[PDB]
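Letters A, B, ... mirror the listed sequences (proteins, then strands); counts begin at 1.
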Amino acid sequence: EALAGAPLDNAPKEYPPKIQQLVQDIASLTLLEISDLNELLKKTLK
Amino acid sequence: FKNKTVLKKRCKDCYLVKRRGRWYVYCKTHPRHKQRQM
Amino acid sequence: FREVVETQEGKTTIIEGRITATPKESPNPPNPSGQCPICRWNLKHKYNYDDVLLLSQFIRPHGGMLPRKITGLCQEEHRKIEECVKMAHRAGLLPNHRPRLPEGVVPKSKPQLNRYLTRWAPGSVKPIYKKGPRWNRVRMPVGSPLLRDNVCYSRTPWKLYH
Amino acid sequence: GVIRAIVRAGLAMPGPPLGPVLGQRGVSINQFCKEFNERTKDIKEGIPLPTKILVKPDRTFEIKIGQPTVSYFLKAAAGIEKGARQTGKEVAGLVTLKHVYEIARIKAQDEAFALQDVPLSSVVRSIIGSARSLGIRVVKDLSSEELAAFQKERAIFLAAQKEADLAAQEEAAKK
Amino acid sequence: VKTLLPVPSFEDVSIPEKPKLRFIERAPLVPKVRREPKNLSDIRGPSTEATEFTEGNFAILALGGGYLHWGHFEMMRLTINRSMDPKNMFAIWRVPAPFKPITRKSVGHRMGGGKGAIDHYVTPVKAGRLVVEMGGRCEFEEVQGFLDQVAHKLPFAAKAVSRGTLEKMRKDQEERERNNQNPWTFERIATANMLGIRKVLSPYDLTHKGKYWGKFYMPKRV
Amino acid sequence: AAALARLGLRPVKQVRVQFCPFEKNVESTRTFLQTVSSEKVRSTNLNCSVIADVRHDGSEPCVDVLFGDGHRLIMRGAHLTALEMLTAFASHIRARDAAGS
Amino acid sequence: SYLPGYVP
Amino acid sequence: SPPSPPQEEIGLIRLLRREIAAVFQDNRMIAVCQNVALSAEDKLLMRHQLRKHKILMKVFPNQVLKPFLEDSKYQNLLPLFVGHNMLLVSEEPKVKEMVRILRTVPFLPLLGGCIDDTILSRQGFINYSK
Amino acid sequence: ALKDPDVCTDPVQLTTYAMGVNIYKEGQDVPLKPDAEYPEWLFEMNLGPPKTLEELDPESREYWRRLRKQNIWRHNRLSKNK
RNA sequence: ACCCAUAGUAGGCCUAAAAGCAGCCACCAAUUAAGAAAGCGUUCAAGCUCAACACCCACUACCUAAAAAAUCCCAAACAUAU
Ligand SMILES: [K+]
Ligand SMILES: [K+]
Ligand SMILES: [Mg+2]
Ligand SMILES: [Mg+2]
Ligand SMILES: [Mg+2]
Ligand SMILES: [Mg+2]
Ligand SMILES: [Mg+2]
Ligand SMILES: [Mg+2]
Ligand SMILES: [Mg+2]
Ligand SMILES: [Zn+2]
C-alpha cells in the first residue's frame, strides 16, 4: 500500500520480487508452448 | 539630536535603543531623525 | 548541544558541526502538571539573585541569557531570571561566564567596588546631588521590582528603595 | 532596463514623451523612430501599439511591439470614438459576444496572454472586464436595427453633453 | 493556507446630506443681559444627559468635567472635518453651543464695585458624556486615530470610544465591583456614616461614592 | 538574499551545493541554495557559477565555494543552520575580496 | 525521590 | 490550559485536497523540483517552454500536500517537501524534454518524483530518459 | 494631432463585421460567423455584475478569490488613516 | 518581522501631460498568487514599499512618558529570623 523508496544510485542492481516468480515460470514451460504463447503475444502487442 | 518626551520612529530605518539609561532614536539613512528622551 | 569548528588547512577552510553531550532534566519533577521548569519544581517565588545554581542553567557560556523558546520558561519567570542574572554578574557571582575578549585585548585595571542587588548598570546612573525634601525624597533603588512577590519570611516587606 | 509606453503605429516622433525618456537613458530617438515606423509599416496608422524598448548596457535598443490595446479593439468594434465619462451610468457603446470573441483571437497572440498558455475563455473574460470600464455593454445578440436605435439616442445624449460643456466653458469665460 | 475571514458590509448604512460638523457660533443668537452665578456644580459629578449613542457608532467620551469655549469647538470641527471621509463618514454634535455667560472684570481693578461684564460663553460638560458622535461605513480603527487626537486637546480627560468599547468599559467596572475582595467600600462607610466620616465628606459623596473629586473622575475607584 | 545581495558575489568563482534530498539532514543546505540561487544574489556577479548537484548516495550534504583567489570554503551542512552557513559565506567574501585588491 | 511538595 | 476547539477545516483546503488527488491520479510523470527564486519573467518563460510539451507546473502548500502524502501511497516522497517545492506533472512521461529544459538552469535541482507509480531519484529520471 | 483611425458608423457593417479586428492595411474586415461556429462557453459568459460572495460556492477558487480581495479592500481602508 | 511582486492596462473621462497614487466614473478580470491601489516618489513617466502566493510555528505588548533658580545636599542607614 506504500510504494518502496528509490534504491541508492550506487547500490547493486535490485530486481523486484514479484518478477522473480515470472522469471522462473518461463523456464519451466516448453518451447512449443512458449512458441504458441509468442505468436499470440506478437499479435496482441500490435 | 532633538530632545523629545515622546519618541517616534520617522522612517523604516529608525531604530529604538536604550543607552546610558534613556531611550534614543537612531537613523543612519536620515540623521535628522535622531531623538533623545527628555 | 552542538559545536561549530572551523579548520583551515592550506587554501581550504572546512566548517563542520558536531553534537556533544547534552544534559537531561532530573527525573520525577515534584509538580509534573507545571507548565515551565520553574513551577514544575515548585520554585516560583522561591529564588533570588544569588541562587547561581539555578540561574546558571539558563545562561550561555559567556554570560548571556538563553531564549525563552529554548528554555521553556514563561514570560514572567524568564524576565525574573533575566534580571537575576544581571544582578549576579554585577555582584561577581559568575566569574566563569565573562564576556569573550578578542585576541590581544587585556582590560585595563579598574577600581574594584563590591556591590550586590544592583538594578542598574553602574555607568548609566547619575549622582543624587539634590536629595529633595522628606516628602519628595529621591530614592536609591535596591533589588528589582520583578521579585516583589518573592516569599517574605519577615514581617517587613522587601524595601526596594533606599 | 525596459522602457514601457504605448506608441501609435507609424507615428513615432522625436517629441515627448518617449523622446526625452530615450535621450535621458542614452538611446537615440531618431534611430528608434525609424526602426519602429519600419516595423509598424503594415499596420494602419494611429493604432495604439504597446511597445517595450529593451535598453542594453551599451545603449543599443531592442523594441518589442505587441498587439493593439483592448481599448482600441472595443472602441473600433462598437463604432465609438471615446469611452463613457461615467461608466456604469451611461452606455457609450454596444458590442456582441461574437465581437469580443473575434478580438480575443487577436489579443490572445499578445505575449502577455500567449506566454501564460491560457485558454481563449480566459482572454474573453478579461476583454469583458475591460469593456465594463469603457462604458460598452456586451450583449449576446445585436441586430442592425437595435444598433441604429441606440446610435440615435446616443447622438442626442452626446449633443446635449457638448451644450453642457459649452455652458460651463462660456460661464468660465464670464468669470 | 492563511485563513481569510468575512468582512462586515456597510451597504445598509445611510449617509446624511451634511455629514460634516456644522459651525458653532461664539455667542447665542440673542445676547444675554442677566448675569449668572458661577454654579460650578454643572461640571461636577456624573453626566445625566447624552450618555448613550443615538445615530452614529463612534464618539469621544468625556472622562472629566470642564467648560468648552468657542476655541475648543473650532479645534474639534476643523480637525474632524479635515480627517474624515465625507462620502463614508458623518459627524454630529452631542453638546450644545456655548450658552453659559462668563463675566470678567477689566484688568487692573480692585476687589468690589459690583460684578464684571459678560466676556464669553462656554458649554459645561460632565464626566461620562459624549461630546461628538461619528458613524457611517467605517471601522473603529479608521476614526480612532483622529478622534483620540481631538480628545487629547480637550480641557478635560477624554477618550475616543465605540459602542463596543464603551459597553465593555461599563461591564468591566461592574465586574470589579462584584469580585472586589476588599470588605470595606467607600459607599458602605459613607452611607452608614461609619467613624463619623461624614464630617469630612460632602453630601454629594453619598451618590458619587468616592469616584468623583471636584471635576475629576477616577475610573479605578470601585 | 537581501543581506547577501548587498555584499555580492564578486570574489566568488563557483558555488556548488551537493545534497541528497531523500535524506533528513538536507534542509539547511537546501535553504542555503534558495538564498544563493536568488536572482538578486546571482545578479551581483554573472561570472560566478551556482551549481546544484543532486545525489542519492546517502552522503552528507556539502557546500563547496571556490573563490577567484583559488581558495576553497567547504561548509558541511548536516549539523549547520542555513544562517550559520550564510554568515560564514559572507565573512569569507568580505575577506577574500580585500586580499585581491 | 521527590515528594509532591519538594523544593530544590 | 483547556485545549481550544479544533478549528474547522476551511473550504479552500478541501478544494486543494481534491486538486492534489487529481494531479496524482490523472498524471504519470510527477517530478519534484525545488522552486528556486528565479525572476518572474524567467519563471514564466521556463513555464511556457515546459508547456510546449504539455508539462504542467503545479504549486501546492506544504501544509496540505504533506498530510495527503502521509495518508496516501506516496509516503516516501515526504522528505523531498522541505522548503519551496514545485511539481512538474505531465499526463504522459516527457522526461527527456523536461530534463533538457531543466538543464538550461544549472542551479535548479530536480529532486526526484514518481514515474508510473515508481518513486525515482534524479538519476532514475535521467536514466528513464536514456 | 495623434488619435485613433476613423471608426465605422454603419449599423449593418458594425453588426455583420468585427471592424477593428483587422489591423493591417492590406487585410479585409473579419466577418462574424454564424451562431453555431462559436464555442458553447462563449454564450455562458457573465455579462452582468460580478457574482457576490453569497452566490459563489465556498468550495471554489472564485469564492476565496472574492474574499481575498474584500480583505485587501478592508486593509487599504484601515491603513489609509494609519 | 521575515519573505516576495508578473500581467489585459498607460481601465474610461477630463487634461498641455494624469501611466495604481491632481480630480470624476467604474473598480471588473489573466496567472496557483498580487487593491484598476494603502503609504512615499516622478513635470508626466520611471523608482521604493504595503496588502498577495510560496516559505514558515515572527507562536509580540496593543493599559502609560520629562525637566530649571538663585548662601550649602540635607538625619544617619537598611532589601532576609516568624
Ligand atoms: K487634555
Ligand atoms: K493619474
Ligand atoms: Mg493592471
Ligand atoms: Mg487612460
Ligand atoms: Mg487614473
Ligand atoms: Mg508602478
Ligand atoms: Mg501623481
Ligand atoms: Mg487574481
Ligand atoms: Mg507583502
Ligand atoms: Zn529615520
Novice: With a non-hydrogen cut-off below 4.0 angstrom, is D:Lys107 in contact with a base, only sugar-phosphate, or nothing?
Specialist: sugar-phosphate
Novice: Please indicate yes or no: do J:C72 and J:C73 satisfy both the under-5.5 Å centre distance and the under-30° plane angle for their six-membered base rings?
Specialist: no
Novice: Flag yes if more than 12 heavy atoms outside D:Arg105 fall under 6.0 Å of its CZ atom; otherwise flag no.
Specialist: no
Novice: Could you provide the dot-bracket string of RNA chain J, using ( ) for intrastrand pairs, [ ] for crossing pairs and | for bases paired to another strand, with Watson-Crick or G-U pairs below 3.5 Å?
Specialist: .....(.(..(((.........)))..).)....(..(.(......).))................................
Novice: Using a cut-off of 4.0 Å on non-hydrogen atoms, how would the nucleic acid contact of D:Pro50 be classed: base, sugar-phosphate, or nothing?
Specialist: sugar-phosphate
Novice: Protein-nucleotides 37-42 of chain J N/O pairs closer than 3.5 Å?
Specialist:
unit_1: J:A38; atom_1: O4'; unit_2: I:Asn76; atom_2: O; d: 3.4

Novice: Using OP1 and OP2 only, check whether a side-chain N or O of I:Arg68 sits under 4.0 Å from J:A34.
Specialist: yes
Novice: Please confirm whether the shortest side-chain N or O distance from I:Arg65 to OP1 or OP2 of J:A33 is below 4.0 Å.
Specialist: yes
Novice: Under 3.5 Å, is there a donor on one side chain and an acceptor on the other for B:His30 and B:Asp13?
Specialist: no
Novice: Before accepting this row, confirm whether a basic side-chain N of the pair D:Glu90/D:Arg85 lies closer than 4.0 Å to the acidic partner's carboxylate O.
Specialist: no
Novice: Distance-only, no hydrogens or angles: does the I:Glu55 side chain make a donor-acceptor pair with backbone N or O of I:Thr52 under 3.5 Å?
Specialist: yes
Novice: Would you verify whether the NZ or CZ of B:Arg36 falls within 45 degrees of the ring axis of B:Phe1 while also being under 6.0 Å from that six-membered ring's centre?
Specialist: yes
Novice: Do the six-membered rings of J:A38 and J:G39 pass both checks: centres under 5.5 Å apart and planes under 30 degrees?
Specialist: yes
Novice: Pick base, sugar-phosphate or nothing for D:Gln116, based on heavy-atom distances below 4.0 Å to the nucleic acid.
Specialist: base
Novice: Without hydrogens or angle criteria, can the side chains of E:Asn88 and E:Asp85 be said to hold a donor-acceptor pair below 3.5 Å?
Specialist: yes
Novice: Hey, does the side chain of D:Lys52 come within less than 4.0 Å of J:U6's phosphate (OP1/OP2), counting only N and O?
Specialist: no
Novice: Stacked, yes or no: J:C56 with J:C57, six-ring centres under 5.5 Å, planes under 30°?
Specialist: no
Novice: At under 4.0 Å between heavy atoms, what does C:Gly132 touch on the DNA or RNA strands: base, sugar-phosphate, or nothing?
Specialist: sugar-phosphate
Novice: Note down whether J:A34 puckers north or south, where north is a positive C1'-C2'-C3'-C4' and south a negative one.
Specialist: north
Novice: Can you build the contact string for nucleotides 12-23 of chain J? Use B for base contact, S for sugar-phosphate-only contact, and - for no protein heavy atom under 4.0 Å.
Specialist: BSS----B----
Novice: Okay, side chain of I:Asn71, backbone of E:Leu4: is any donor-acceptor separation there less than 3.5 Å?
Specialist: no
Novice: Side-chain polar contacts of residues 139-157 of chain C - donor-acceptor pairs under 3.5 angstrom, sequence neighbours left out - could you list them?
Specialist:
unit_1: C:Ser144; atom_1: OG; unit_2: C:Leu146; atom_2: N; d: 3.2
unit_1: C:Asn150; atom_1: ND2; unit_2: C:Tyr47; atom_2: O; d: 2.9
unit_1: C:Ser154; atom_1: OG; unit_2: C:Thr156; atom_2: O; d: 2.8

Novice: Please pick, from J:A54, J:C27, J:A45, the nucleotide with the shortest atom-to-atom distance to any side-chain atom of I:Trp73.
Specialist: J:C27
Novice: Between J:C4, J:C25, J:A29, spot the one nearest the side chain of D:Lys89, thanks.
Specialist: J:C25
Novice: Shortest non-hydrogen contact from C:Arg68 to C:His78?
Specialist: CD-CB, 3.5 Å
Novice: How would you label the contact of H:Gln63 with the nucleic acid (heavy atoms, under 4.0 Å): base, sugar-phosphate, or nothing?
Specialist: base
Novice: Syn or anti for J:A76, please, going by whether the chi angle lies within 90° of 0.
Specialist: anti
Novice: At less than 4.0 Å, is any side-chain N or O atom of I:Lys69 found next to OP1 or OP2 of J:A34? Yes or no.
Specialist: no
Novice: Reckon E:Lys159 touches a base, only the sugar-phosphate, or nothing at all at heavy-atom distances under 4.0 Å?
Specialist: nothing
Novice: Expressed in angstrom and rounded to an integer, what is the separation of E:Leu5 atom CG from J:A52 atom P?
Specialist: 13 Å
Novice: Categorize I:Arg66 for me: base, sugar-phosphate, or nothing, with a 4.0 angstrom heavy-atom threshold over every strand shown.
Specialist: sugar-phosphate
Novice: Indicate, with a heavy-atom threshold strictly under 4.0 Å, whether C:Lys46 touches base, sugar-phosphate, or nothing.
Specialist: nothing
Novice: Can you tell me if the side-chain N/O atoms of E:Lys2 get under 4.0 Å from OP1 or OP2 in J:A52?
Specialist: yes
Novice: Can you check each nucleotide of nucleotides 76-82 of chain J against protein heavy atoms at under 4.0 Å and return B for base, S for sugar-phosphate only, - for none, in 5' to 3' order?
Specialist: SBBBBSS
Novice: Scan nucleotides 58-63 of chain J against the protein and return all N/O pairs shorter than 3.5 Å with their distances rounded to 0.1 Å.
Specialist:
unit_1: J:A58; atom_1: OP1; unit_2: C:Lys69; atom_2: NZ; d: 2.6

Novice: Strictly below 4.0 Å, N to O, side chains only: are C:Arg79 and C:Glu83 in salt-bridge contact?
Specialist: no
Novice: Determine the contact category for H:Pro61: base if any of its heavy atoms lies under 4.0 Å from a base atom, sugar-phosphate if only primed atoms, P, OP1 or OP2 are that close, otherwise nothing.
Specialist: sugar-phosphate
Novice: Using a heavy-atom cut-off of under 4.0 Å over every strand shown, decide if D:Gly88 touches base, sugar-phosphate, or nothing.
Specialist: nothing
